[PDB]
Structures are given as structure tokens and as C-alpha cells.
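Colleague: Coordinates in start.cif, mmCIF, N, CA and C atoms, are listed below.
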```
data_my_file
#
loop_
_atom_site.label_atom_id
_atom_site.label_comp_id
_atom_site.auth_asym_id
_atom_site.auth_seq_id
_atom_site.Cartn_x
_atom_site.Cartn_y
_atom_site.Cartn_z
N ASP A 1 141.63 50.75 -31.62
CA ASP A 1 142.74 51.60 -32.05
C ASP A 1 143.07 51.26 -33.49
N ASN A 2 143.07 52.28 -34.35
CA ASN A 2 143.32 52.09 -35.77
C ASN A 2 144.79 52.20 -36.15
N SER A 3 145.68 52.45 -35.19
CA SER A 3 147.08 52.67 -35.53
C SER A 3 147.81 51.36 -35.84
N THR A 4 147.45 50.27 -35.14
CA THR A 4 148.19 49.02 -35.30
C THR A 4 147.99 48.39 -36.67
N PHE A 5 146.93 48.75 -37.39
CA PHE A 5 146.77 48.26 -38.76
C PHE A 5 147.94 48.72 -39.62
N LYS A 6 148.40 49.95 -39.41
CA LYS A 6 149.54 50.46 -40.17
C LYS A 6 150.84 49.77 -39.78
N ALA A 7 150.96 49.31 -38.54
CA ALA A 7 152.15 48.63 -38.07
C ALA A 7 152.16 47.15 -38.43
N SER A 8 151.01 46.58 -38.78
CA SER A 8 150.95 45.15 -39.10
C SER A 8 150.78 44.87 -40.59
N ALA A 9 149.95 45.65 -41.29
CA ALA A 9 149.66 45.39 -42.70
C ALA A 9 150.66 46.13 -43.59
N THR A 10 151.88 45.60 -43.62
CA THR A 10 152.96 46.23 -44.37
C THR A 10 153.00 45.82 -45.83
N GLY A 11 152.29 44.76 -46.22
CA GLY A 11 152.30 44.30 -47.59
C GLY A 11 151.39 45.05 -48.53
N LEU A 12 150.61 46.01 -48.01
CA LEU A 12 149.67 46.75 -48.85
C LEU A 12 150.36 47.71 -49.80
N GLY A 13 151.56 48.17 -49.46
CA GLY A 13 152.28 49.07 -50.35
C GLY A 13 151.70 50.47 -50.35
N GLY A 14 152.03 51.20 -51.41
CA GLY A 14 151.61 52.58 -51.55
C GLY A 14 152.55 53.55 -50.88
N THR A 15 151.99 54.54 -50.18
CA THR A 15 152.79 55.52 -49.46
C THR A 15 152.35 55.58 -48.00
N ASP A 16 151.05 55.41 -47.75
CA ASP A 16 150.55 55.44 -46.38
C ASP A 16 149.19 54.75 -46.34
N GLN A 17 149.07 53.69 -45.55
CA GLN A 17 147.84 52.93 -45.43
C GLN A 17 147.21 53.22 -44.07
N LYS A 18 145.92 53.54 -44.06
CA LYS A 18 145.26 53.88 -42.81
C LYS A 18 143.77 53.58 -42.91
N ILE A 19 143.18 53.22 -41.78
CA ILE A 19 141.74 53.00 -41.73
C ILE A 19 141.04 54.35 -41.72
N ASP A 20 139.87 54.41 -42.34
CA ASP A 20 139.16 55.68 -42.47
C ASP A 20 138.66 56.22 -41.14
N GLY A 21 138.68 55.42 -40.08
CA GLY A 21 138.37 55.92 -38.75
C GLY A 21 137.47 55.02 -37.92
N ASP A 22 136.56 54.29 -38.57
CA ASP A 22 135.57 53.48 -37.88
C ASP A 22 135.63 52.05 -38.40
N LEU A 23 135.81 51.10 -37.49
CA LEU A 23 135.82 49.69 -37.86
C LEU A 23 134.41 49.23 -38.22
N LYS A 24 134.33 48.29 -39.16
CA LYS A 24 133.07 47.77 -39.64
C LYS A 24 132.78 46.41 -39.01
N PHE A 25 131.49 46.14 -38.80
CA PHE A 25 131.01 44.91 -38.20
C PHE A 25 129.83 44.40 -39.02
N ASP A 26 129.55 43.11 -38.89
CA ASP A 26 128.55 42.45 -39.71
C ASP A 26 127.41 41.93 -38.84
N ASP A 27 126.37 41.45 -39.53
CA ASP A 27 125.17 40.92 -38.89
C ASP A 27 125.05 39.41 -38.99
N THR A 28 126.05 38.73 -39.56
CA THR A 28 125.97 37.29 -39.80
C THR A 28 127.10 36.51 -39.14
N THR A 29 128.34 37.03 -39.19
CA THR A 29 129.50 36.29 -38.72
C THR A 29 130.24 36.97 -37.57
N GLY A 30 129.95 38.23 -37.28
CA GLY A 30 130.69 38.94 -36.26
C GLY A 30 132.11 39.27 -36.63
N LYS A 31 132.45 39.23 -37.92
CA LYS A 31 133.82 39.44 -38.35
C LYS A 31 134.14 40.93 -38.44
N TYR A 32 135.31 41.31 -37.95
CA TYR A 32 135.77 42.68 -38.06
C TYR A 32 136.25 42.97 -39.48
N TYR A 33 135.84 44.12 -40.01
CA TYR A 33 136.25 44.54 -41.34
C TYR A 33 136.68 46.00 -41.29
N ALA A 34 137.91 46.25 -41.72
CA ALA A 34 138.52 47.57 -41.66
C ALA A 34 138.28 48.31 -42.97
N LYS A 35 137.83 49.55 -42.86
CA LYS A 35 137.65 50.46 -43.99
C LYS A 35 138.99 51.14 -44.23
N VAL A 36 139.75 50.63 -45.20
CA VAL A 36 141.15 50.99 -45.40
C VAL A 36 141.27 51.87 -46.63
N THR A 37 141.92 53.02 -46.46
CA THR A 37 142.40 53.85 -47.56
C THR A 37 143.90 53.61 -47.68
N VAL A 38 144.33 53.18 -48.86
CA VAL A 38 145.74 52.90 -49.12
C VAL A 38 146.29 53.97 -50.04
N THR A 39 146.84 55.04 -49.47
CA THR A 39 147.44 56.10 -50.27
C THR A 39 148.69 55.56 -50.95
N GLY A 40 148.73 55.69 -52.28
CA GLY A 40 149.80 55.15 -53.08
C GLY A 40 149.48 53.84 -53.76
N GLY A 41 148.38 53.19 -53.39
CA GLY A 41 147.98 51.94 -54.01
C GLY A 41 146.91 52.17 -55.05
N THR A 42 147.16 51.68 -56.26
CA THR A 42 146.24 51.86 -57.39
C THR A 42 145.04 50.95 -57.20
N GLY A 43 143.93 51.51 -56.72
CA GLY A 43 142.69 50.78 -56.58
C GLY A 43 142.58 49.91 -55.35
N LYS A 44 143.46 50.08 -54.36
CA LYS A 44 143.48 49.23 -53.18
C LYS A 44 142.59 49.74 -52.05
N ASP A 45 141.94 50.89 -52.22
CA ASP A 45 141.01 51.38 -51.20
C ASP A 45 139.80 50.46 -51.11
N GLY A 46 139.45 50.05 -49.90
CA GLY A 46 138.32 49.17 -49.73
C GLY A 46 138.29 48.56 -48.34
N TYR A 47 137.50 47.50 -48.21
CA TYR A 47 137.30 46.84 -46.93
C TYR A 47 138.10 45.55 -46.87
N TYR A 48 138.75 45.32 -45.72
CA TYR A 48 139.62 44.17 -45.52
C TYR A 48 139.20 43.43 -44.26
N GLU A 49 139.16 42.10 -44.33
CA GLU A 49 138.90 41.32 -43.13
C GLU A 49 140.06 41.48 -42.16
N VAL A 50 139.75 41.78 -40.89
CA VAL A 50 140.77 42.08 -39.90
C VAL A 50 140.43 41.38 -38.59
#
```
Once you've parsed the file, please lay out its structure as C-alpha cells.
Modeller:
Amino acid sequence: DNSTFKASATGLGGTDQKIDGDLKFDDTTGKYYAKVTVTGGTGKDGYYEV
């Protein structure tokens, strides 16, 4: 569920922060990485460890 990222990651700022829809996974560490679009944040769109 991608909704709880918006309820937990309040320090990102902007106007509306949301994951692009699909969570990212790796081939080395198994770490979850969220593809985050931060509307209102100057250059904050990117991938975040989650």
C-alpha cells in the first residue's frame, strides 16, 4: 500500500508527496526503495530507502 508513505514521510515538504505506484526492490540487499514524486519540492523527486 502506497498511501502510508504520505502519512509517515511528512518532512519531505512541497504540496503533495506520493509514490509513483510501484515499489522498487534490489538484487543485493533486499532493501525496499520507494519511487517518490514530491509535488512542491524543488528537485526532490527520486528514490528513497523505505
Colleague: Would you kindly return, as number ranges by chain, each protein, DNA or RNA residue with an atom no farther than 6.5 Å from any atom of residue 45 (chain A), considering only N, CA and C atoms and excluding same-chain residues fewer than 6 positions away?
Modeller: A: 36-38
Colleague: Pick out the closest residue to residue 40 (chain A) from this set: A:8, A:28, A:2, A:16. Count only N, CA and C atoms.
Modeller: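 Nearest to residue 40 (chain A): A:16.
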Colleague: Starting from the shown file, work through the PyMOL selection byres ((chain A and resi 20-24) around 6) and note down what comes out as a ChimeraX atom specification.
Modeller: /A:18-19,25-26,31-37
Colleague: Which is closer to residue 39 (chain A) than all the others in A:6, A:1, A:27, A:13, using only C-alpha atoms?
Modeller: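 Going through A:6, A:1, A:27, A:13 one by one, the smallest distance to residue 39 (chain A) is for A:13.
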Colleague: Enter the distance from atom N of residue 30 (chain A) to atom N of residue 14 (chain A), in Å, rounded to one decimal.
Modeller: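 So the two atoms, atom N of residue 30 (chain A) and atom N of residue 14 (chain A), lie 29.2 Å apart.
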Colleague: Mind listing the helix (DSSP H, G or I) residues of chain A, per DSSP on the backbone, as an MDAnalysis selection string?
Modeller: chainID A and resid 4:8 10:12
Colleague: Using atom N of residue 42 (chain A) and atom C of residue 29 (chain A) as the two end points, give the distance in Å to one decimal.
Modeller: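 Computed distance, atom N of residue 42 (chain A) to atom C of residue 29 (chain A), equals 29.2 Å.
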Colleague: Would you compute the distance between CA of residue 41 (chain A) and atom N of residue 12 (chain A)? Give it in Å to one decimal.
Modeller: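 Rounded to one decimal, the two atoms are 8.8 Å apart.
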Colleague: With DSSP run on the backbone, what are the strand (DSSP E) residues within chain A? I'd like them as number ranges by chain.
Modeller: A: 16-19, 33-39, 46-49
Colleague: Need the axis-aligned box for region 32-44 of chain A with 3 Å each side, so what are the centre and edges in Å to one decimal, as AutoDock Vina command-line options?
Modeller:
```
--center_x 142.6 --center_y 48.7 --center_z -47.7 --size_x 20.5 --size_y 20.8 --size_z 25.4
```
